[PDB]
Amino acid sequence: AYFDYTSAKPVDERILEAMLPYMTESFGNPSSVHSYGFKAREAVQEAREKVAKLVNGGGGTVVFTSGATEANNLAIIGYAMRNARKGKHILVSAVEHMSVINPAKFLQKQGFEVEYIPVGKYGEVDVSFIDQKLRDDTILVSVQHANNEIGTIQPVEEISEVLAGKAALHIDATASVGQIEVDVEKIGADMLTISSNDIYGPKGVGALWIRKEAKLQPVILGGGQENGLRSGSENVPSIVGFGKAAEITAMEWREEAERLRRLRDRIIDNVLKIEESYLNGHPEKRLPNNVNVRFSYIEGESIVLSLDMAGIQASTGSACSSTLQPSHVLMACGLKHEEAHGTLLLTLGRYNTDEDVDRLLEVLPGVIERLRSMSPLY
């Protein structure tokens, strides 16, 4: 029973089929001026449009990167550097993925001023901080659509109004694309981060989408592929796969997320009967695929490994599973170091069944009991 979907996802069989011919028969390089390269270019172009179509991204550009991490690096460093003549103040959310938080920390070493936006007990950004700390010199604000640890969905449409086209708005959509509607014009984004594997395409590819006019400095220098914004011969097979995943997600995402929500709820309603258990992140404005619970008196890695020995895959924000520091997200919500130790994160996907849940809910309570009965803390 694999409930660790937000750390890795399998590649959908239909994506693999789209990919394989590009790896062995049409392995041409898009820059080549012959048949083999021309086929190669049609393929990248089709993929580009399927990714753009997925997020209603016609009024902007898709740039293929090696993943959400690079995409984020490029969004933050690429944009700020090229735009520093118009100001140097930046707003970033306290619960962003480290591929946002670390690049902002790099800009802090390069004469940029970065303010990190607090959140509340359920992990939603504080919009009135944004509106209070917005200044004529603020050029960028980076907030995620949704949070992949606690499941919480962010007030991005609200955020877009406040900004009022006075500072560029970056949105990491890594957790949202496939779970909830991702419409760049509806959420007023200027840059969007997309992950292939998060929608069941190959690992090691992603895109940053960039509104027309938003201008950026590159990070990966060399050949000038991606119109000068990302160099290296294009990874055609992955891009095609990424494209096939976008087409599938567009056609199937709604029914899938409704199903996962229903399974999410059965989990939460059952898990939470257990003496001393708590849901982290919002109880409703929450990704259909996320259950994040904590259990008093016990430690998260132990829950995780117990589960595994039953054949159940899961995840924890405990210090014990890293570094040795707990989850920065949990800290920001205002969990104490004690609370964060007993964390269990179960995230759902395309190959889950009611039977997976059956199995989980007959196994868990025995685990929590077995660990509790040894905790000096019980």
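For every residue, the number given is its place in the sequence shown, counted from 1.
Legend entry - Absent coordinates between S322 and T323 - deposited residues affected, binned into four classes: The entry leaves 1 to 3 residues without coordinates here.
Legend entry - 158 to 166 versus 205 to 213 - which carries the larger mean C-alpha B factor in the record: The deposited B-factors put 158 to 166 ahead on the C-alpha mean.
Legend entry - Residue range whose averaged C-alpha B-factor is higher in the record, 349 to 357 or 64 to 72: For C-alpha atoms only, the mean B-factor is higher in 349 to 357.
Inset, instruction - Among the candidates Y200, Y116, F129, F106, give the one with the maximum CA B-factor reported in the record. - result: Comparing C-alpha B-factors across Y200, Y116, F129, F106, the top value belongs to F129.
Legend entry - Third assignment of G241 from its chain's C-alpha B-factors: Lowest third of the chain for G241's C-alpha B-factor.
Inset, instruction - Select lowest, middle or highest to describe the third in which the CA B-factor of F3 falls within its chain in this entry. - result: Middle third of the chain for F3's C-alpha B-factor.
Legend entry - CA B-factor placement of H328, once the chain's modelled residues are sorted into thirds: Middle third, going by the recorded CA B-factors of the chain.
Inset, instruction - Taking the chain's C-alpha temperature factors as the reference, tell me which third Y297 falls into: lowest, middle or highest. - result: For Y297, the deposited C-alpha B-factor lands in the highest third.
Legend entry - Within-chain third of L272 by Cα B-factor, per the entry: Answer is highest: the recorded C-alpha B-factor places it there.
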